[PDB]
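Chemist: Supplied structure: input_7.pdb, PDB, C-alpha atoms.
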MODEL        1
ATOM      1  CA  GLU U   7      -5.442  13.956 -11.188  1.00  0.00           C
ATOM      2  CA  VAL U   8      -5.765  13.198  -7.498  1.00  0.00           C
ATOM      3  CA  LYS U   9      -2.687  14.423  -5.599  1.00  0.00           C
ATOM      4  CA  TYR U  10      -1.630  14.133  -1.966  1.00  0.00           C
ATOM      5  CA  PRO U  11       1.459  15.334  -0.123  1.00  0.00           C
ATOM      6  CA  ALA U  12       3.740  12.493   1.028  1.00  0.00           C
ATOM      7  CA  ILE U  13       6.442  12.703   3.666  1.00  0.00           C
ATOM      8  CA  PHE U  14       9.569  10.917   2.464  1.00  0.00           C
ATOM      9  CA  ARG U  15      11.842   9.933   5.368  1.00  0.00           C
ATOM     10  CA  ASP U  16      15.491   8.914   4.896  1.00  0.00           C
ATOM     11  CA  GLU U  17      16.039   5.610   6.730  1.00  0.00           C
ATOM     12  CA  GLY U  18      19.661   5.358   5.483  1.00  0.00           C
ATOM     13  CA  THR U  19      19.227   2.315   3.266  1.00  0.00           C
ATOM     14  CA  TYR U  20      15.709   3.079   2.018  1.00  0.00           C
ATOM     15  CA  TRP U  21      12.957   5.689   2.045  1.00  0.00           C
ATOM     16  CA  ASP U  22       9.815   5.491   4.168  1.00  0.00           C
ATOM     17  CA  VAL U  23       6.774   7.154   2.603  1.00  0.00           C
ATOM     18  CA  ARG U  24       3.656   8.196   4.547  1.00  0.00           C
ATOM     19  CA  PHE U  25       0.657  10.355   3.827  1.00  0.00           C
ATOM     20  CA  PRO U  26      -0.815  12.179   6.820  1.00  0.00           C
ATOM     21  CA  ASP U  27      -4.068  12.494   4.861  1.00  0.00           C
ATOM     22  CA  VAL U  28      -4.147   8.835   3.761  1.00  0.00           C
ATOM     23  CA  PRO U  29      -2.683   6.599   6.500  1.00  0.00           C
ATOM     24  CA  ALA U  30      -3.297   3.291   4.690  1.00  0.00           C
ATOM     25  CA  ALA U  31      -1.087   4.435   1.784  1.00  0.00           C
ATOM     26  CA  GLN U  32       2.123   3.968   3.780  1.00  0.00           C
ATOM     27  CA  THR U  33       4.896   2.377   1.725  1.00  0.00           C
ATOM     28  CA  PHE U  34       8.644   2.505   1.119  1.00  0.00           C
ATOM     29  CA  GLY U  35      11.254   2.098  -1.578  1.00  0.00           C
ATOM     30  CA  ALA U  36      14.983   1.726  -2.057  1.00  0.00           C
ATOM     31  CA  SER U  37      15.326   5.085  -3.847  1.00  0.00           C
ATOM     32  CA  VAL U  38      13.304   8.255  -3.904  1.00  0.00           C
ATOM     33  CA  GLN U  39      11.915   7.535  -7.358  1.00  0.00           C
ATOM     34  CA  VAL U  40      11.022   3.921  -6.626  1.00  0.00           C
ATOM     35  CA  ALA U  41       9.372   5.030  -3.370  1.00  0.00           C
ATOM     36  CA  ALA U  42       7.405   7.653  -5.330  1.00  0.00           C
ATOM     37  CA  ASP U  43       6.289   5.103  -7.909  1.00  0.00           C
ATOM     38  CA  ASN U  44       5.144   2.870  -5.089  1.00  0.00           C
ATOM     39  CA  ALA U  45       3.383   5.734  -3.332  1.00  0.00           C
ATOM     40  CA  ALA U  46       1.173   6.339  -6.387  1.00  0.00           C
ATOM     41  CA  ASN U  47      -0.015   2.751  -6.236  1.00  0.00           C
ATOM     42  CA  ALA U  48      -0.422   2.842  -2.455  1.00  0.00           C
ATOM     43  CA  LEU U  49      -2.773   5.840  -2.766  1.00  0.00           C
ATOM     44  CA  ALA U  50      -4.923   3.950  -5.294  1.00  0.00           C
ATOM     45  CA  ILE U  51      -5.096   0.998  -2.923  1.00  0.00           C
ATOM     46  CA  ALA U  52      -5.974   3.052   0.140  1.00  0.00           C
ATOM     47  CA  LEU U  53      -8.603   5.228  -1.527  1.00  0.00           C
ATOM     48  CA  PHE U  54     -10.478   2.414  -3.327  1.00  0.00           C
ATOM     49  CA  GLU U  55     -14.221   2.933  -2.813  1.00  0.00           C
ATOM     50  CA  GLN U  56     -13.454   5.655  -0.255  1.00  0.00           C
ATOM     51  CA  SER U  57     -14.435   9.287  -0.284  1.00  0.00           C
ATOM     52  CA  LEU U  58     -11.409  11.406  -1.111  1.00  0.00           C
ATOM     53  CA  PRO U  59     -10.125  13.424   1.869  1.00  0.00           C
ATOM     54  CA  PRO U  60      -8.851  16.922   1.390  1.00  0.00           C
ATOM     55  CA  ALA U  61      -5.147  17.334   0.832  1.00  0.00           C
ATOM     56  CA  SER U  62      -3.254  19.032   3.647  1.00  0.00           C
ATOM     57  CA  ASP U  63      -1.160  22.117   2.915  1.00  0.00           C
ATOM     58  CA  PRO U  64       2.350  20.939   3.857  1.00  0.00           C
ATOM     59  CA  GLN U  65       3.548  24.452   4.706  1.00  0.00           C
ATOM     60  CA  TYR U  66       2.002  23.929   8.165  1.00  0.00           C
ATOM     61  CA  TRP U  67       3.901  20.741   8.836  1.00  0.00           C
ATOM     62  CA  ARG U  68       6.897  20.438  11.108  1.00  0.00           C
ATOM     63  CA  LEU U  69       9.325  17.990   9.498  1.00  0.00           C
ATOM     64  CA  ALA U  70      12.400  16.218  10.775  1.00  0.00           C
ATOM     65  CA  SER U  71      15.764  16.793   9.122  1.00  0.00           C
ATOM     66  CA  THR U  72      15.421  13.357   7.521  1.00  0.00           C
ATOM     67  CA  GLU U  73      12.094  14.300   5.863  1.00  0.00           C
ATOM     68  CA  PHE U  74      10.859  16.096   2.770  1.00  0.00           C
ATOM     69  CA  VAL U  75       7.524  16.428   1.002  1.00  0.00           C
ATOM     70  CA  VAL U  76       6.704  15.142  -2.488  1.00  0.00           C
ATOM     71  CA  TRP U  77       3.290  15.565  -4.107  1.00  0.00           C
ATOM     72  CA  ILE U  78       2.199  12.137  -5.391  1.00  0.00           C
ATOM     73  CA  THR U  79      -0.465  11.548  -8.069  1.00  0.00           C
ATOM     74  CA  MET U  80      -2.757   8.592  -7.371  1.00  0.00           C
ATOM     75  CA  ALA U  81      -2.462   5.679  -9.839  1.00  0.00           C
ATOM     76  CA  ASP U  82      -5.621   5.154 -11.868  1.00  0.00           C
ATOM     77  CA  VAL U  83      -5.261   2.456 -14.487  1.00  0.00           C
ATOM     78  CA  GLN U  84      -8.333   1.571 -16.537  1.00  0.00           C
ATOM     79  CA  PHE U  85      -8.495  -1.200 -19.171  1.00  0.00           C
ATOM     80  CA  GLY U  86     -12.021  -1.273 -20.449  1.00  0.00           C
ATOM     81  CA  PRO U  87     -14.248   0.739 -22.786  1.00  0.00           C
ATOM     82  CA  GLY U  88     -14.833   4.307 -21.740  1.00  0.00           C
ATOM     83  CA  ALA U  89     -11.478   4.766 -20.000  1.00  0.00           C
TER      84      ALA U  89
ATOM     85  CA  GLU P   7      -7.703  -4.173  12.977  1.00  0.00           C
ATOM     86  CA  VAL P   8      -5.326  -6.960  11.855  1.00  0.00           C
ATOM     87  CA  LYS P   9      -2.776  -5.897   9.202  1.00  0.00           C
ATOM     88  CA  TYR P  10      -0.067  -7.701   7.272  1.00  0.00           C
ATOM     89  CA  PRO P  11       2.543  -6.551   4.775  1.00  0.00           C
ATOM     90  CA  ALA P  12       1.774  -7.685   1.221  1.00  0.00           C
ATOM     91  CA  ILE P  13       4.068  -7.831  -1.782  1.00  0.00           C
ATOM     92  CA  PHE P  14       2.393  -6.495  -4.921  1.00  0.00           C
ATOM     93  CA  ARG P  15       3.968  -7.672  -8.185  1.00  0.00           C
ATOM     94  CA  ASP P  16       3.192  -5.921 -11.500  1.00  0.00           C
ATOM     95  CA  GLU P  17       2.481  -8.449 -14.239  1.00  0.00           C
ATOM     96  CA  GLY P  18       1.339  -5.783 -16.750  1.00  0.00           C
ATOM     97  CA  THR P  19      -2.203  -6.912 -17.308  1.00  0.00           C
ATOM     98  CA  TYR P  20      -2.713  -7.785 -13.633  1.00  0.00           C
ATOM     99  CA  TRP P  21      -1.167  -7.714 -10.156  1.00  0.00           C
ATOM    100  CA  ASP P  22      -0.033 -10.736  -8.128  1.00  0.00           C
ATOM    101  CA  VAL P  23      -0.378 -10.185  -4.352  1.00  0.00           C
ATOM    102  CA  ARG P  24       1.180 -12.371  -1.695  1.00  0.00           C
ATOM    103  CA  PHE P  25       1.689 -12.284   2.042  1.00  0.00           C
ATOM    104  CA  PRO P  26       4.929 -13.821   3.318  1.00  0.00           C
ATOM    105  CA  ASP P  27       3.235 -14.219   6.729  1.00  0.00           C
ATOM    106  CA  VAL P  28       0.033 -15.769   5.353  1.00  0.00           C
ATOM    107  CA  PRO P  29       0.953 -17.897   2.360  1.00  0.00           C
ATOM    108  CA  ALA P  30      -2.541 -19.225   1.731  1.00  0.00           C
ATOM    109  CA  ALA P  31      -3.768 -15.655   1.049  1.00  0.00           C
ATOM    110  CA  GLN P  32      -2.277 -15.335  -2.483  1.00  0.00           C
ATOM    111  CA  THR P  33      -4.554 -13.293  -4.719  1.00  0.00           C
ATOM    112  CA  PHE P  34      -4.833 -11.318  -7.962  1.00  0.00           C
ATOM    113  CA  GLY P  35      -6.591  -8.373  -9.561  1.00  0.00           C
ATOM    114  CA  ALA P  36      -6.300  -6.414 -12.807  1.00  0.00           C
ATOM    115  CA  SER P  37      -5.749  -3.101 -11.008  1.00  0.00           C
ATOM    116  CA  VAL P  38      -3.756  -2.530  -7.840  1.00  0.00           C
ATOM    117  CA  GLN P  39      -6.846  -1.326  -6.041  1.00  0.00           C
ATOM    118  CA  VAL P  40      -8.967  -4.373  -6.865  1.00  0.00           C
ATOM    119  CA  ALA P  41      -6.037  -6.693  -6.143  1.00  0.00           C
ATOM    120  CA  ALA P  42      -5.715  -5.077  -2.710  1.00  0.00           C
ATOM    121  CA  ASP P  43      -9.414  -5.424  -1.986  1.00  0.00           C
ATOM    122  CA  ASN P  44      -9.109  -9.087  -2.914  1.00  0.00           C
ATOM    123  CA  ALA P  45      -6.111  -9.339  -0.592  1.00  0.00           C
ATOM    124  CA  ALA P  46      -8.125  -8.004   2.352  1.00  0.00           C
ATOM    125  CA  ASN P  47     -10.683 -10.733   1.720  1.00  0.00           C
ATOM    126  CA  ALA P  48      -8.013 -13.434   1.148  1.00  0.00           C
ATOM    127  CA  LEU P  49      -6.558 -12.647   4.593  1.00  0.00           C
ATOM    128  CA  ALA P  50     -10.045 -12.927   6.094  1.00  0.00           C
ATOM    129  CA  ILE P  51     -10.606 -16.342   4.491  1.00  0.00           C
ATOM    130  CA  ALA P  52      -7.139 -17.730   5.234  1.00  0.00           C
ATOM    131  CA  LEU P  53      -7.188 -16.591   8.891  1.00  0.00           C
ATOM    132  CA  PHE P  54     -10.915 -17.176   9.590  1.00  0.00           C
ATOM    133  CA  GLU P  55     -11.251 -17.997  13.315  1.00  0.00           C
ATOM    134  CA  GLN P  56      -7.591 -19.024  13.455  1.00  0.00           C
ATOM    135  CA  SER P  57      -4.589 -17.867  15.445  1.00  0.00           C
ATOM    136  CA  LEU P  58      -2.896 -14.815  13.947  1.00  0.00           C
ATOM    137  CA  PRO P  59       0.756 -15.261  12.892  1.00  0.00           C
ATOM    138  CA  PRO P  60       3.201 -12.495  13.693  1.00  0.00           C
ATOM    139  CA  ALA P  61       3.572  -9.797  11.078  1.00  0.00           C
ATOM    140  CA  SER P  62       7.026  -9.404   9.528  1.00  0.00           C
ATOM    141  CA  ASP P  63       8.966  -6.181   9.102  1.00  0.00           C
ATOM    142  CA  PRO P  64       9.023  -5.882   5.318  1.00  0.00           C
ATOM    143  CA  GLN P  65      11.969  -3.526   4.913  1.00  0.00           C
ATOM    144  CA  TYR P  66      14.235  -6.647   5.421  1.00  0.00           C
ATOM    145  CA  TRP P  67      13.085  -8.020   2.030  1.00  0.00           C
ATOM    146  CA  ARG P  68      14.792  -7.551  -1.324  1.00  0.00           C
ATOM    147  CA  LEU P  69      12.080  -6.726  -3.800  1.00  0.00           C
ATOM    148  CA  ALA P  70      12.032  -7.035  -7.587  1.00  0.00           C
ATOM    149  CA  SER P  71      11.806  -3.886  -9.738  1.00  0.00           C
ATOM    150  CA  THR P  72       8.144  -4.775 -10.343  1.00  0.00           C
ATOM    151  CA  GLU P  73       7.297  -5.122  -6.636  1.00  0.00           C
ATOM    152  CA  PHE P  74       6.220  -2.956  -3.721  1.00  0.00           C
ATOM    153  CA  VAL P  75       4.828  -3.414  -0.225  1.00  0.00           C
ATOM    154  CA  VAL P  76       1.832  -1.951   1.549  1.00  0.00           C
ATOM    155  CA  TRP P  77       0.005  -3.092   4.668  1.00  0.00           C
ATOM    156  CA  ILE P  78      -3.394  -4.691   4.042  1.00  0.00           C
ATOM    157  CA  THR P  79      -6.101  -4.808   6.715  1.00  0.00           C
ATOM    158  CA  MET P  80      -7.903  -8.121   7.031  1.00  0.00           C
ATOM    159  CA  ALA P  81     -11.542  -7.785   6.025  1.00  0.00           C
ATOM    160  CA  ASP P  82     -14.330  -8.412   8.485  1.00  0.00           C
ATOM    161  CA  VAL P  83     -16.483 -11.425   7.725  1.00  0.00           C
ATOM    162  CA  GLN P  84     -20.201 -10.912   8.293  1.00  0.00           C
ATOM    163  CA  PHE P  85     -23.118 -13.298   7.928  1.00  0.00           C
ATOM    164  CA  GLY P  86     -26.474 -11.969   6.822  1.00  0.00           C
ATOM    165  CA  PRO P  87     -29.800 -13.504   5.885  1.00  0.00           C
ATOM    166  CA  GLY P  88     -29.638 -15.575   2.719  1.00  0.00           C
TER     167      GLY P  88
ENDMDL
END
Spell out the structure here as structure tokens.
Modeler:
Amino acid sequence: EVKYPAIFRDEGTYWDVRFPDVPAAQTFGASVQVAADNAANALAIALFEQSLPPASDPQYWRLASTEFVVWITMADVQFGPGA
Amino acid sequence: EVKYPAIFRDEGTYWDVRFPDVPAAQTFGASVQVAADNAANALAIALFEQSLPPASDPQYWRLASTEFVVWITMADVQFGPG
């Protein structure tokens, strides 16, 4: 399981999700859980055929009052033999 | 880098990817990651040596429960010896 720390940001009517370690995995969702579901897929997209960067330790981050961290597991769906 | 917001739609056995700003760049893949790679290439083909349309702000869209948005970077087209 490949996990990265996401910053969830309250935009009032939706949640913005970004990964400092994986900038191309930026997404959003109407609720925290939908945003999290989306974030798992966004990580898979962004890390396709890429080397995997280290995960940052979020304890060193300075966050806004609108922001909190969720660890997101990268989606990894396989359909063929040997999954 | 040229980037557009894409809507990814989960069809169970595959993903349907479309760009509201670049309608000719509709594509598909079994996994999200392959679908997205295809989408980078679809942008490159649809916009090859053409004027770039403005990119929309996607948070104004109402998405289905099976949909999400990410930003896809147009692939670079290269020609090499055949």
Chemist: For a test of reading the model, state the distance in Å between CA of residue 48 in chain U and CA of residue 87 in chain U, rounded to one decimal.
Modeler: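 Calculated distance between CA of residue 48 in chain U and CA of residue 87 in chain U is 24.7 Å.
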Chemist: Could you give me, as a Markdown table, a per-residue list for chain U showing, wherever an atom lies at most 9 Å from an atom of chain P, the closest pair of atoms and their distance in Å to one decimal, using all atoms listed in the file and sorting by chain then residue number from low to high?
Modeler:
| residue | atom | partner | partner_atom | distance |
| --- | --- | --- | --- | --- |
| U:20 | CA | P:65 | CA | 8.1 |
| U:30 | CA | P:77 | CA | 7.2 |
| U:31 | CA | P:76 | CA | 7.0 |
| U:32 | CA | P:76 | CA | 6.3 |
| U:33 | CA | P:76 | CA | 5.3 |
| U:34 | CA | P:75 | CA | 7.2 |
| U:35 | CA | P:74 | CA | 7.4 |
| U:40 | CA | P:71 | CA | 8.4 |
| U:41 | CA | P:74 | CA | 8.6 |
| U:44 | CA | P:74 | CA | 6.1 |
| U:47 | CA | P:38 | CA | 6.7 |
| U:48 | CA | P:76 | CA | 6.6 |
| U:49 | CA | P:39 | CA | 8.9 |
| U:50 | CA | P:39 | CA | 5.7 |
| U:51 | CA | P:39 | CA | 4.3 |
| U:52 | CA | P:39 | CA | 7.6 |
| U:53 | CA | P:39 | CA | 8.1 |
| U:54 | CA | P:39 | CA | 5.9 |
| U:81 | CA | P:38 | CA | 8.5 |
| U:82 | CA | P:37 | CA | 8.3 |
| U:83 | CA | P:37 | CA | 6.6 |
| U:84 | CA | P:37 | CA | 7.7 |
| U:85 | CA | P:36 | CA | 8.5 |
Chemist: Would you save the residues of that selection, restricted to C-alpha atoms, as an mmCIF file, in the frame of the given file?
Modeler:
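What landed in part.cif:
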data_model
loop_
_atom_site.group_PDB
_atom_site.id
_atom_site.type_symbol
_atom_site.label_atom_id
_atom_site.label_comp_id
_atom_site.auth_asym_id
_atom_site.auth_seq_id
_atom_site.Cartn_x
_atom_site.Cartn_y
_atom_site.Cartn_z
ATOM 1 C CA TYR U 20 15.709 3.079 2.018
ATOM 2 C CA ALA U 30 -3.297 3.291 4.690
ATOM 3 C CA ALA U 31 -1.087 4.435 1.784
ATOM 4 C CA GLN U 32 2.123 3.968 3.780
ATOM 5 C CA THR U 33 4.896 2.377 1.725
ATOM 6 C CA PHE U 34 8.644 2.505 1.119
ATOM 7 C CA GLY U 35 11.254 2.098 -1.578
ATOM 8 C CA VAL U 40 11.022 3.921 -6.626
ATOM 9 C CA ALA U 41 9.372 5.030 -3.370
ATOM 10 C CA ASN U 44 5.144 2.870 -5.089
ATOM 11 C CA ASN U 47 -0.015 2.751 -6.236
ATOM 12 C CA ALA U 48 -0.422 2.842 -2.455
ATOM 13 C CA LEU U 49 -2.773 5.840 -2.766
ATOM 14 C CA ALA U 50 -4.923 3.950 -5.294
ATOM 15 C CA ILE U 51 -5.096 0.998 -2.923
ATOM 16 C CA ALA U 52 -5.974 3.052 0.140
ATOM 17 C CA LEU U 53 -8.603 5.228 -1.527
ATOM 18 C CA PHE U 54 -10.478 2.414 -3.327
ATOM 19 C CA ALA U 81 -2.462 5.679 -9.839
ATOM 20 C CA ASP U 82 -5.621 5.154 -11.868
ATOM 21 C CA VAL U 83 -5.261 2.456 -14.487
ATOM 22 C CA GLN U 84 -8.333 1.571 -16.537
ATOM 23 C CA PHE U 85 -8.495 -1.200 -19.171
#
Chemist: Counting all atoms listed in the file, find residues at most 7 Å from (-4.3, -10.6, -10.6) (file frame) and give them as a PyMOL selection string.
Modeler: chain P and resi 20-22+33-36+41
Chemist: Using all atoms listed in the file, determine which residues lie at most 12 Å from residue 26 in chain P, disregarding the query and same-chain residues fewer than 3 positions distant; provide the list as a PyMOL selection string.
Modeler: chain P and resi 10-14+23+29-32+49+59-64+66-67+75+77
Chemist: Have a look at CA of residue 27 in chain P and CA of residue 51 in chain P and let me know their distance in Å, one decimal.
Modeler: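 Distance reported for this atom pair: 14.2 Å.
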Chemist: Go ahead and compute the interatomic distance for CA of residue 79 in chain U and CA of residue 19 in chain U, in Å to one decimal.
Modeler: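 Interatomic distance, CA of residue 79 in chain U to CA of residue 19 in chain U: 24.5 Å.
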Chemist: Tell me which of U:15, U:29, U:46, U:58 sits closest to residue 72 in chain U, counting only C-alpha atoms.
Modeler: U:15
Chemist: Which is closest to residue 26 in chain U among U:73, U:80, U:57, U:67, if we use all atoms listed in the file?
Modeler: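 Among U:73, U:80, U:57, U:67, it is U:67 that comes nearest to residue 26 in chain U.
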Chemist: Quick one: which residues end up in the PyMOL selection byres ((chain U and resi 60) around 12) for this structure, as a PyMOL selection string?
Modeler: chain U and resi 8-11+25-28+57-59+61-63
Chemist: Name all residues at most 9 Å from residue 83 in chain P (count only C-alpha atoms; drop same-chain ones fewer than 4 positions away) and give them as a list in words.
Modeler: residues 47, 50, 51 and 54 of chain P
Chemist: Please, can range 49-77 of chain U be completed to N, CA and C atoms and returned as a PDB file, in the coordinates of the input?
Modeler:
ATOM      1  N   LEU U  49      -1.603   4.958  -2.837  1.00  0.00           N
ATOM      2  CA  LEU U  49      -2.773   5.840  -2.766  1.00  0.00           C
ATOM      3  C   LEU U  49      -4.005   5.194  -3.424  1.00  0.00           C
ATOM      4  N   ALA U  50      -3.815   4.618  -4.615  1.00  0.00           N
ATOM      5  CA  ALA U  50      -4.923   3.950  -5.294  1.00  0.00           C
ATOM      6  C   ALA U  50      -5.503   2.853  -4.428  1.00  0.00           C
ATOM      7  N   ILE U  51      -4.638   2.053  -3.821  1.00  0.00           N
ATOM      8  CA  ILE U  51      -5.096   0.998  -2.923  1.00  0.00           C
ATOM      9  C   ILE U  51      -5.927   1.522  -1.758  1.00  0.00           C
ATOM     10  N   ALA U  52      -5.384   2.548  -1.087  1.00  0.00           N
ATOM     11  CA  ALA U  52      -5.974   3.052   0.140  1.00  0.00           C
ATOM     12  C   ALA U  52      -7.272   3.779  -0.089  1.00  0.00           C
ATOM     13  N   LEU U  53      -7.421   4.397  -1.254  1.00  0.00           N
ATOM     14  CA  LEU U  53      -8.603   5.228  -1.527  1.00  0.00           C
ATOM     15  C   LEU U  53      -9.685   4.511  -2.322  1.00  0.00           C
ATOM     16  N   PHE U  54      -9.489   3.228  -2.592  1.00  0.00           N
ATOM     17  CA  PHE U  54     -10.478   2.414  -3.327  1.00  0.00           C
ATOM     18  C   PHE U  54     -11.800   2.450  -2.599  1.00  0.00           C
ATOM     19  N   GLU U  55     -12.836   2.871  -3.316  1.00  0.00           N
ATOM     20  CA  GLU U  55     -14.221   2.933  -2.813  1.00  0.00           C
ATOM     21  C   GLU U  55     -14.392   3.848  -1.568  1.00  0.00           C
ATOM     22  N   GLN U  56     -13.429   4.735  -1.372  1.00  0.00           N
ATOM     23  CA  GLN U  56     -13.454   5.655  -0.255  1.00  0.00           C
ATOM     24  C   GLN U  56     -13.785   7.017  -0.819  1.00  0.00           C
ATOM     25  N   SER U  57     -14.342   7.866   0.034  1.00  0.00           N
ATOM     26  CA  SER U  57     -14.435   9.287  -0.284  1.00  0.00           C
ATOM     27  C   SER U  57     -13.016   9.861  -0.266  1.00  0.00           C
ATOM     28  N   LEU U  58     -12.757  10.869  -1.089  1.00  0.00           N
ATOM     29  CA  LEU U  58     -11.409  11.406  -1.111  1.00  0.00           C
ATOM     30  C   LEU U  58     -11.258  12.528  -0.080  1.00  0.00           C
ATOM     31  N   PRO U  59     -10.328  12.366   0.862  1.00  0.00           N
ATOM     32  CA  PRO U  59     -10.125  13.424   1.869  1.00  0.00           C
ATOM     33  C   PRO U  59      -9.487  14.627   1.237  1.00  0.00           C
ATOM     34  N   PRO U  60      -9.580  15.783   1.886  1.00  0.00           N
ATOM     35  CA  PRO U  60      -8.851  16.922   1.390  1.00  0.00           C
ATOM     36  C   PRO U  60      -7.363  16.677   1.538  1.00  0.00           C
ATOM     37  N   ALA U  61      -6.588  17.322   0.674  1.00  0.00           N
ATOM     38  CA  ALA U  61      -5.147  17.334   0.832  1.00  0.00           C
ATOM     39  C   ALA U  61      -4.748  18.401   1.841  1.00  0.00           C
ATOM     40  N   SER U  62      -3.844  18.065   2.765  1.00  0.00           N
ATOM     41  CA  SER U  62      -3.254  19.032   3.647  1.00  0.00           C
ATOM     42  C   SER U  62      -2.278  19.953   2.897  1.00  0.00           C
ATOM     43  N   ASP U  63      -2.215  21.201   3.346  1.00  0.00           N
ATOM     44  CA  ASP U  63      -1.160  22.117   2.915  1.00  0.00           C
ATOM     45  C   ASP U  63       0.111  21.845   3.744  1.00  0.00           C
ATOM     46  N   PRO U  64       1.181  21.312   3.100  1.00  0.00           N
ATOM     47  CA  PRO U  64       2.350  20.939   3.857  1.00  0.00           C
ATOM     48  C   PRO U  64       3.136  22.083   4.445  1.00  0.00           C
ATOM     49  N   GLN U  65       2.801  23.334   4.110  1.00  0.00           N
ATOM     50  CA  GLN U  65       3.548  24.452   4.706  1.00  0.00           C
ATOM     51  C   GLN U  65       3.351  24.510   6.206  1.00  0.00           C
ATOM     52  N   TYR U  66       2.281  23.913   6.740  1.00  0.00           N
ATOM     53  CA  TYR U  66       2.002  23.929   8.165  1.00  0.00           C
ATOM     54  C   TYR U  66       2.610  22.756   8.912  1.00  0.00           C
ATOM     55  N   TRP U  67       3.277  21.866   8.194  1.00  0.00           N
ATOM     56  CA  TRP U  67       3.901  20.741   8.836  1.00  0.00           C
ATOM     57  C   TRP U  67       5.247  21.101   9.438  1.00  0.00           C
ATOM     58  N   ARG U  68       5.567  20.423  10.524  1.00  0.00           N
ATOM     59  CA  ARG U  68       6.897  20.438  11.108  1.00  0.00           C
ATOM     60  C   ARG U  68       7.542  19.113  10.724  1.00  0.00           C
ATOM     61  N   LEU U  69       8.650  19.197  10.000  1.00  0.00           N
ATOM     62  CA  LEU U  69       9.325  17.990   9.498  1.00  0.00           C
ATOM     63  C   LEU U  69      10.655  17.797  10.187  1.00  0.00           C
ATOM     64  N   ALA U  70      11.067  16.560  10.309  1.00  0.00           N
ATOM     65  CA  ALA U  70      12.400  16.218  10.775  1.00  0.00           C
ATOM     66  C   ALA U  70      13.429  16.481   9.689  1.00  0.00           C
ATOM     67  N   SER U  71      14.689  16.551  10.082  1.00  0.00           N
ATOM     68  CA  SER U  71      15.764  16.793   9.122  1.00  0.00           C
ATOM     69  C   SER U  71      15.916  15.669   8.105  1.00  0.00           C
ATOM     70  N   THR U  72      15.390  14.487   8.412  1.00  0.00           N
ATOM     71  CA  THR U  72      15.421  13.357   7.521  1.00  0.00           C
ATOM     72  C   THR U  72      14.277  13.363   6.502  1.00  0.00           C
ATOM     73  N   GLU U  73      13.370  14.354   6.574  1.00  0.00           N
ATOM     74  CA  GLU U  73      12.094  14.300   5.863  1.00  0.00           C
ATOM     75  C   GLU U  73      11.933  15.423   4.861  1.00  0.00           C
ATOM     76  N   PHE U  74      11.301  15.074   3.712  1.00  0.00           N
ATOM     77  CA  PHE U  74      10.859  16.096   2.770  1.00  0.00           C
ATOM     78  C   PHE U  74       9.570  15.666   2.105  1.00  0.00           C
ATOM     79  N   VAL U  75       8.851  16.648   1.603  1.00  0.00           N
ATOM     80  CA  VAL U  75       7.524  16.428   1.002  1.00  0.00           C
ATOM     81  C   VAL U  75       7.604  16.282  -0.512  1.00  0.00           C
ATOM     82  N   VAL U  76       6.884  15.300  -1.046  1.00  0.00           N
ATOM     83  CA  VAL U  76       6.704  15.142  -2.488  1.00  0.00           C
ATOM     84  C   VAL U  76       5.200  15.002  -2.722  1.00  0.00           C
ATOM     85  N   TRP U  77       4.678  15.753  -3.671  1.00  0.00           N
ATOM     86  CA  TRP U  77       3.290  15.565  -4.107  1.00  0.00           C
ATOM     87  C   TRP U  77       3.200  14.342  -5.007  1.00  0.00           C
TER      88      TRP U  77
END
